[PDB]
Each structure stands twice: as structure tokens, then as C-alpha cells.
Amino acid sequence: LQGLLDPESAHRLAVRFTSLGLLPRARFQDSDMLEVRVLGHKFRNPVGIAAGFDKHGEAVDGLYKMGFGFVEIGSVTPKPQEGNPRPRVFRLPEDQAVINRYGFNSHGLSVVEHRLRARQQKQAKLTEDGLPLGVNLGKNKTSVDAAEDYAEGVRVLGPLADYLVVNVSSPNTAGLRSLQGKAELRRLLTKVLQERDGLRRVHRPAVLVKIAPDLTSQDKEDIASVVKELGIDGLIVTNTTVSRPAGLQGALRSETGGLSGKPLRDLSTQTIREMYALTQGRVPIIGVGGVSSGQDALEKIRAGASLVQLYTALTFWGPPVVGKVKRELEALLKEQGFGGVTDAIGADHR
Ligand SMILES: Cc1cc2nc3c(=O)[nH]c(=O)nc-3n(C[C@H](O)[C@H](O)[C@H](O)COP(=O)(O)O)c2cc1C
Ligand SMILES: CCOC(=O)c1sc(Nc2ccc(C)c(Cl)c2)nc1-c1ccccc1
Ligand SMILES: O=C(O)c1cc(=O)[nH]c(=O)[nH]1
């Protein structure tokens, strides 16, 4: 509740209620129009919950009950760490936006591993039922070897994930976004893919890279190049922005951190559009940033996303926004002549 609670307290409460299943199960049932097959899995609908809401994998099942077609947990760092001092998250209600600088507060790999192991066979059934699980990997603040942090994550949580996310676009960890550079990115992902390939086949996840919305045209070309060279399975586009677009009204607009929500929407859609084209439409993209409606989702899908995620809209509109986005997405697909989600992926480019 934006009234009583500060944002971080509201978030903890949200996670708690969601994990305890206290919310009613969604009434909207998914039509076959919403089904997507990508990353070696079936997704019953293309609307997922973005990393950062369930950082430690405490609410996964509550999130499916909420109606998401897939769930991404994380980011998870190898060792536990508390992240930045409070306050570190801020509401900009006049912008339908949020700024955060958590800094990878994480329970760490071991705790998350044990937590996911407790429901591992339950998740295997959910996945076969079209409800996949992603795990987002981060790096410890004081870590000396970034690649080794990610390698650890691949080894410990890779066996429990349908897909893994190499998060190299968080704005709240010194030096992390420079891992998006060509030489550094190639070296890092080579190591990550090696570790992933060393896992037993039924425990072998797709590997995706999550990139910033603040990249130069050169960064983007280089990333597409490396992605195609190493055979990375996909891209998550995008993380929060360190920019502050003209027009922000919120009093807290000059807080340090990453901006999410509606002011990020089109910046993120344009990044999807550019990455889809640079990768010739052969690399699956999960579109994320300021989705709050069916139209927002469909614009990202037409720009090239096969899947979409939201987080910040859930801050202003609560759980109903999930059904709303799915219902509108279906209505818009019919209106514009698409048989389903799959036919609309990349349609803007044709
Ligand atoms: C409070 C908060 C925490 C987040 N934490 C993470 C994170 O730990 N790892 C990550 O890859 N993205 C994180 N994100 C980014 C979201 O996953 C998403 O990329 C971004 O917020 C844009 O989507 P949105 O506008 O729907 O919120 C976080 C976002 C917010 C608002
Ligand atoms: C106004 C709603 O309260 C919030 O601000 C909320 S509300 C929310 N999701 C959420 C989840 C479950 C319930 C029952 C409700 Cl109701 C909301 N998440 C946040 C939040 C998350 C991260 C940072 C800040 C806030
Ligand atoms: O932990 C963070 O603060 C965080 C990570 C991330 O990937 N994106 C974000 O906006 N914040």
C-alpha cells in the first residue's frame, strides 16, 4: 500500500502475502492464442514476472497462481550480501515510475539452491505444463573475478533452472555494466557457456544475457556480434535506465539508481527493435520495461520480443494488471489479424 508503507516495506509485504498464497487465484484462463514455444520450452502465456520482485525464490508458486506464464527469480549472488543502505527504492507516482538502488541484496546461492530443491519436482511438473522458471545471476560487490561469480551461479542454480540469465546490466554495482563491452563480454560468456555445457542434459538450461537500455549503437552491435558468435540462447531487453528522460515530475526523480516503469517503456521497445534486427530475428528476446497493458506488451512483441515481463506496473496497479495485460493482449491480437502471439513476434520488421 503506497499510503501507509514505504516502498521497500510494501515490497516485503507483497512477497510475503504472495508466498503465503493469500491472494485469490486468477480467474482469467489462458487461451491457446497466448501459447509460445521458445528456449526449448512451452510457455502457456508470454507474460512473466521480471527479476527483482522475488530476488530469493520465496514466492515462485504464488506468482504462477497470480497468472504469470513464467517466473524469473534473482538476481542471486554467490555469497549472501545485504546491498545498499536504506532507503534504496523510491516511488514516482506522477510518472508511474520507480527508482531503485538495492545493489544485489541476496540470500546467496546456497540458500536459494536449498529453497528451489525443496520444490524441484513440483517445478518440473509446472515446466512440463508450460510454466517455466528462470534464474537471474548476479555478482558479489567485493568479488575479484566477475566471470567466476557467474560460473559458480551456473553450477549451483543452472541445474534447477529452465533458463539462466547473466545479468550484466544492473546500474547499482560498480563496474558491472562494463561487462557488456565486447572483449569482456566474450570472455565472460565463453566461460559461462562452458560451465553450462558441462551439466547433465536434463539439467541443462538455456542461457540469456540481460542488457541495459543505455547502450551506445556500438555496444549493441558488439553484443549482437558476440551473441551470434557464441550461440547465446537469448536476450533480456532491458534492465532499468540510469538516464532521466525530460518530463519526469516526481519529487524523487534525482535519486541515484535505476529508473523503471512507464518512462522506460519506449526506450526499452526501441532496444528490442534494434537487437531483433542486429540478430536477424534468430535470437529470442524477452521484452521488459514499462509494460502495464496489452498494447504495451504487443508493441514489444511486434518489435521482436517472443516473451515479455513486467515489474513496476505491479507497484501501482497490483495483481489485477496481470489478467488485464493478458486479456488486452488477446483482444488486440484478434483485432490486428494475428492467429496468436507467435505470428506477431517481429511483425513490425515485416
Ligand atoms: C525494485 C527493482 C529491483 C530490481 N532488481 C533486479 C535484479 O535484481 N536483477 C535484474 O536483472 N533486474 C532487476 N530489476 C529490473 C527489472 O527486472 C526490469 O528489468 C525493469 O524494472 C524494467 O521493467 P519494469 O518497467 O516493468 O519494472 C529490478 C527492478 C526493480 C524496480
Ligand atoms: C501500492 C501497492 O504497494 C506497493 O507499493 C507494491 S505492491 C506490489 N505487488 C503486490 C503483490 C501482492 C499484493 C497483494 C499487492 Cl497489493 C501488491 N509490489 C510493490 C512494490 C515492489 C517493489 C518496490 C516497491 C513496491
Ligand atoms: O539489485 C539491484 O539494485 C538491481 C539489479 C538490477 O539488475 N536492476 C536494478 O534495477 N536494480
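Numbers here are sequence positions counted from 1. Note that these values count all heavy atoms, side chains included, but never hydrogens, waters or copies made by symmetry.
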(request) Please say whether more than 12 non-hydrogen atoms of neighbouring residues, nucleotides or ligands are located less than 6.0 Å from CZ in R201. (result) no

Within-4.5 Å side-chain heavy-atom neighbours: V192 and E195: no

- For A146, does its backbone N or O pair with a side-chain atom of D149 as donor and acceptor, under 3.5 Å? no

_Shared hydrophobic cluster for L314 and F90 (ILVMFWY, side-chain gaps under 4.5 Å)_ = no

Heavy-atom nearest pair, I232 first then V283, reads O-CG1, 4.4 Å

Original post:
Does a donor on one side chain and an acceptor on the other come within less than 3.5 Å for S169 and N167?
Top reply: yes

Return yes when atom CD of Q280 has more than 12 non-hydrogen atoms of other residues, nucleotides or ligands closer than 6.0 Å, and no otherwise. yes

Interatomic distance, CD1@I211 vs CZ@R177, rounded to 0.5 Å, equals 13.5 Å

Original post:
Hey, are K326 and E330 close enough for a salt bridge, meaning a charged N less than 4.0 Å from a carboxylate O?
Top reply: no

Of all heavy-atom pairs linking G250 and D95, the shortest is N-OD2, 2.8 Å

- Should we say atom NZ of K182 is surrounded by more than 12 heavy atoms from elsewhere, each under 6.0 Å from it? yes

Closest non-hydrogen contact found for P46 with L34 is CD-O, 3.5 Å

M275 vs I223, test: side chain to side chain contact (heavy atoms under 4.5 Å, CB included). Steps then yes/no.
CA-CA 9 Å; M275 296 312 302; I223 288 165; 3.9 Å; yes

Report yes if the side chains of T312 and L264 come closer than 4.5 Å at any heavy-atom pair, otherwise no.
no

With no hydrogens and no angle check, is any side-chain donor or acceptor of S106 less than 3.5 Å from a backbone partner on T77?
-> yes

Just wondering, more than 12 heavy atoms not from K228 lying within 6.0 Å of its NZ? yes

- prompt: Quick check: does any side chain N or O of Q123 sit under 3.5 Å from a backbone N or O of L160, one acting as donor and the other as acceptor?
  reply: no

Output for pair (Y150 OH, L137 CG), nearest 0.5 Å, gives 8.0 Å

- Task: Answer yes or no: is there a side-chain heavy-atom contact under 4.5 Å between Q309 and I286?
- Result: yes

- Task: Assess whether side chain to side chain contact (heavy atoms under 4.5 Å, CB included) is satisfied between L39 and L208, documenting all intermediate values.
- Result: CA-CA 9 Å; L39 299 167; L208 293 73; 4.0 Å; yes

Q: Would you confirm whether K79, through its side chain, and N140, through its main-chain N or O, come within 3.5 Å as a donor-acceptor pair?
A: no

- [ ] Start with the C-alpha distance between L329 and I301, add both sets of side-chain angles, then the distance that settles side chain to side chain contact (heavy atoms under 4.5 Å, CB included), and finish with yes or no.
- [x] CA-CA 10 Å; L329 176 53; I301 292 161; 4.2 Å; yes

Q) Quick one: are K210 and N136 in side-chain contact, heavy atoms under 4.5 Å? A) yes

Margin query: Is the shortest side-chain heavy-atom distance between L133 and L126 below 4.5 Å?
Written below: no

Item to check | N172 side-chain N/O to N100 backbone N/O, donor-acceptor pair under 3.5 Å | outcome: yes

Heavy-atom nearest pair, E152 first then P78, reads OE1-CB, 3.3 Å

Do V36 and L307 have side chains that approach each other closer than 4.5 Å (heavy atoms only, starting at C-beta)?
yes

inquiry  = I'd like to know if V156 and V202 are part of one continuous hydrophobic network [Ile/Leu/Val/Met/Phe/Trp/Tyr, side-chain heavy atoms within less than 4.5 Å].
reply    = no

* **Ring geometry between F53 and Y311 (parallel below 30°, tilted from 30 to 60°, perpendicular above 60°)** => perpendicular

**Study point:** Linked, directly or transitively: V71 and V112 (ILVMFWY side chains, under 4.5 Å)
**Key:** yes

When rounded to the nearest 0.5 Å, the distance separating CZ of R37 from CZ of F43 is 11.0 Å

Residues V154 and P159: closest non-hydrogen pair is O-CD, 3.7 Å

(message) Is it the case that the side chain of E8 and the backbone of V89 share a donor-acceptor pair, with hydrogens and angles ignored and the cut-off at 3.5 Å?
(response) no

Is any side-chain heavy atom of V166 less than 4.5 Å from a side-chain heavy atom of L189?
-> yes

**Item:** Stepwise side chain to side chain contact (heavy atoms under 4.5 Å, CB included) test for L332 and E335
**Value:** CA-CA 5 Å; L332 285 166; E335 261 156 48; 3.7 Å; yes

Between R204 (side chain only) and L199 (backbone N and O only), is there a donor and an acceptor less than 3.5 Å apart?
yes

* Asked: If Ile, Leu, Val, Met, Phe, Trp and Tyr residues are connected whenever their side-chain heavy atoms lie under 4.5 Å apart, and connections chain through other members, are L23 and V322 in the same group?
  -> yes

The residue among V168, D214, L188 that forms side chain to side chain contact (heavy atoms under 4.5 Å, CB included) with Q180 is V168

* Asked: Does a donor on one side chain and an acceptor on the other come within less than 3.5 Å for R273 and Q270?
  -> yes

Would you say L267 and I285 are hydrophobically clustered, going by side-chain heavy atoms of ILVMFWY under 4.5 Å?
no

Heavy-atom closest pair (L176 atom, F104 atom, distance to 0.1 Å) is CD1-CE1, 4.2 Å

Apply salt bridge (charged side-chain N to carboxylate O under 4.0 Å, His left out) to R265 and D296, showing your working. CA-CA 8 Å; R265 196 187 47 205; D296 302 340; 3.1 Å; yes

Interatomic distance, OG1@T190 vs CD@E229, rounded to 0.5 Å, equals 7.0 Å

Taking the side chain as everything from C-beta on, heavy atoms only, tell me whether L248 gets closer than 4.5 Å to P263. yes

Counting only N and O atoms by type, is there a donor-acceptor contact under 3.5 Å from the side chain of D343 to the main-chain atoms of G340? yes

Rounding to 0.5 Å, atoms CZ (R88) and OG1 (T256) come to a distance of 15.0 Å

_Residues, nucleotides or ligands: over 12 heavy atoms within 6.0 Å of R244 CZ_ = yes

Salt bridge or not for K125 and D61, using N-O below 4.0 Å?
no

Any salt bridge linking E148 with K191? Criterion: basic side-chain nitrogen under 4.0 Å from a carboxylate oxygen. yes

The complete set of salt bridge (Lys or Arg N to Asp or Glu O under 4.0 Å) pairs with one or both residues in residues 127-141, sequence neighbours excluded, reads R44-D129

### Query
Under 3.5 Å, side chain of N84 to main-chain N/O of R101, donor-acceptor pair present?
yes

request  = Could you tell me whether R16 atom CZ has more than 12 heavy atoms of other residues or ligands within 6.0 Å of it?
outcome  = no

One should read off an interatomic distance between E72 CD and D54 CG, to the nearest 0.5 angstrom, of 11.0 Å

Would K262 and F316 count as a cation-pi pair here, with the cationic atom under 6.0 angstrom from the ring centre and within 45° of the axis? no

- Parallel, tilted or perpendicular, as decided by the 30° and 60° cut-offs, for the rings of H349 and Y276: tilted

Does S268 reach the main-chain N or O of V288 with its side chain, forming a donor-acceptor pair under 3.5 Å? yes

Check your understanding: Judged by modelled atom types alone, do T269 and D266 share a side-chain donor-acceptor pair under 3.5 Å?
Key -> no

